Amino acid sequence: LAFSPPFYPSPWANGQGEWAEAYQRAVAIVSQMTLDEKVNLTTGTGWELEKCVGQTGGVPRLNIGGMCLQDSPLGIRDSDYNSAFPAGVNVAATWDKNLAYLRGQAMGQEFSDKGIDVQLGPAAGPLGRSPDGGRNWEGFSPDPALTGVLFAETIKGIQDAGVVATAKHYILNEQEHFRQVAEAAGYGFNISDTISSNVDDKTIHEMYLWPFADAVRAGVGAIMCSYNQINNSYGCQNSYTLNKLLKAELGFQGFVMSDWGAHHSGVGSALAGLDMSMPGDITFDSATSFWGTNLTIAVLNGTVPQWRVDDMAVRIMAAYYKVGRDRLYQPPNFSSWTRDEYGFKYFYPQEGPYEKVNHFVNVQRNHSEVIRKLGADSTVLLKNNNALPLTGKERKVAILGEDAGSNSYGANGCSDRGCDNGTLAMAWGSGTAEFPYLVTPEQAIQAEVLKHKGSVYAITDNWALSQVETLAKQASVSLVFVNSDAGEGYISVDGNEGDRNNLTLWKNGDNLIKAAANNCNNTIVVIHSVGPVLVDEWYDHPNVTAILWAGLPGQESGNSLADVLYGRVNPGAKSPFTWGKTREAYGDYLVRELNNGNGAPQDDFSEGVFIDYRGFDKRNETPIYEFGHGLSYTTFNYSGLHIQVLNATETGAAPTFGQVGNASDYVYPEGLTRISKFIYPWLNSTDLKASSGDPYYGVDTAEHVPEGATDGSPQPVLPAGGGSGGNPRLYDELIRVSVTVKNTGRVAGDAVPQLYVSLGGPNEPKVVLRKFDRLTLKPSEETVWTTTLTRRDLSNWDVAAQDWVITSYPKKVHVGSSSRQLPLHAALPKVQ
């Protein structure tokens, strides 16, 4: 079985870089705290005990309000009067740094105004190893460079709006199947521990770790560790990923929180690098915690050194101050658990004062604008045989497909979106938000046709093929809507347990397109989906004149699309993944059956870096639509490639901040009514053992504490460490690349120039993406695009050296419009 080597001690924060001020203020306030106050910062108060999906008790005596942590990566979950933004995968389709940033800012503002302190997103894990992975759509792209830039830009958006962003899920949660023991059981599988992602050290650095390094460098204040094991060590107590990779190598200065139920030990986790336990209990509403009372006891009994809990508290506070949250603070002014105005203050036991729990604050501002735009700018034109834009003079328009119409239960009529009815604007699970409304394609396209006095109908039953065929024969254009859905593992739709059972269109979608195309010579396909689908059966039909993929556009869906169909917006989006001929073309098989008896299933990432396009290119498979592909209403030319060569070893000792006293000091205060199921930092009595209630209390302790876990002495700085996101030499710019881009068509538009390198060597991908931009050119207009390659961009991870190395194989640079359309190349000069 794969094994996860220990790395210890857990590195302490140090005021690195842009963290110096936040750190100093964190240390000044933590220095005034008692042990039980510090422990309060680290432990949620229990599932559904307060307002937010996760919530800490705070430090009342120091005016630090409890920290309110709320989903999702795409808008406020479980609230009201909030916006529903497009999914991360749409942000990726835009290839637009500035849109990523604006969508972050827009969300941040909304979160801030609800009294939320920490947004549980954005997401870059799953990266997207498998096309049928249930949560890939929450993230960005299976490409590390694309994902890392847009992930970093989203984080900066959120955090400049004064909310803490949480980069999740760290790391390797590449599938929903077997991610949780209790979920596995509800689906009929018996496992004793969650699925183990088993991955070699090179693959992890070159692929899955890379966006987290960008997040770290961008200043992210929190990271959420994952439900799965990595080499048979749980993600939320993996000393390797947390202490070595995240804190020592990437130099992360913020706080690591657990996924909800991903906390599996008190002492183990704390020493392996975890800083915050969510939602605070061991299981939901168990009234027990691996931390809280236990963490207090563990410090008092000498097992967890004080400097470790001091550091958790400094990391949590430094992040809070880093985004300016102290200046924006207000208690959460909604409840995640009821929409009632009034309710008991503590929802789960229904205890505490009966008072206002919802204030109905409308935080939407004008966010529908950026939503509508981002939807339009994320609609990839995959095929256009001269069919689009529509002119509005189409005599008769057939809108066809359930995916064009309304959810008969209302836009939010399915809990956490756990269905696929009517238009698909949002996939399912925690990664969701309540719509304020939903503009369907039917509504926006019928409104458009009616503005021009045309005739128009929507058929939204996908087995009404008789009606479809009759209408299609009468129509000047047929717009056919199809989708494919997925989501988080705790919800199953039509037998898809999170992950997609297949990449085929849902609800009769292939048969619907064929029924339309067999009858309109101008049949136009619009796909809403969480990732690629199989188009093989109809994409080259002679009557299929255009095909668009619109992702999961959020609340303005129909207007986003209408904007593109009718030429208000020239699509510039590019596919952020590959569209293969068959499922098999992707390889990268999800683990769907027990392969380790009733122990943890073993998920061997035995293809290495070769996911999505890297794998298609390696096997010489030709995708129907390649990574980076998207058409425009204009054409571009790329020419004139020019290349130009450009010109701490130890940490401090772990500090302690403030004083720890006797057990007496941490016993439950006498005046306090203990709320049922509420998690507190206090002890029943000065008897440590009895106050813990742990059947293993005091037994074999030192043997269960790995070597070095309590070593507070100065430590070696890793060669690839020493900065933020890695050693700062990694970000030295070594080569400047320039090309001329011209708009050679007749429509103002955006180009997405894409720069790939070949690093060389028998185990490297043929091409890997490194730089891109989105450039707005009018007809005939030209621009020079210039970009630089850093030391990191040119390197491969060398496991012997434990560092990035520019290997001696010759390297090449490629510039064009997609991973397969690269008309400019050059050998790069040797650099080092």
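Note that residue numbering follows the sequence shown and begins at 1.
- The gap between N647 and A648 holds 4 to 9 unmodelled residues of the deposited sequence.
- As the entry records it, the average C-alpha temperature factor is higher for 804-812, out of 804-812 and 7-15.
- Comparing the deposited coordinates for 555-563 and 352-360, the stretch with the larger average C-alpha B-factor is 352-360.
- Per the deposited record, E537 carries the highest C-alpha B-factor of all listed residues (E434, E110, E537, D461).
- Out of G745, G693, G162, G125, the entry records its largest CA B-factor for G693.
- Ranked by C-alpha B-factor against the other modelled residues of its chain, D80 falls in the lowest third.
- In the deposited entry, the Cα temperature factor of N63 places it in the highest third of its chain's modelled residues.
- Annotation for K156: C-alpha temperature factor in the middle third relative to the rest of the modelled chain, per the entry.
- Split the chain's modelled residues into thirds by C-alpha temperature factor. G413 is in the middle one.
- Residue-level temperature factors show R315 in the lowest third of its chain, judged at the C-alpha atom.
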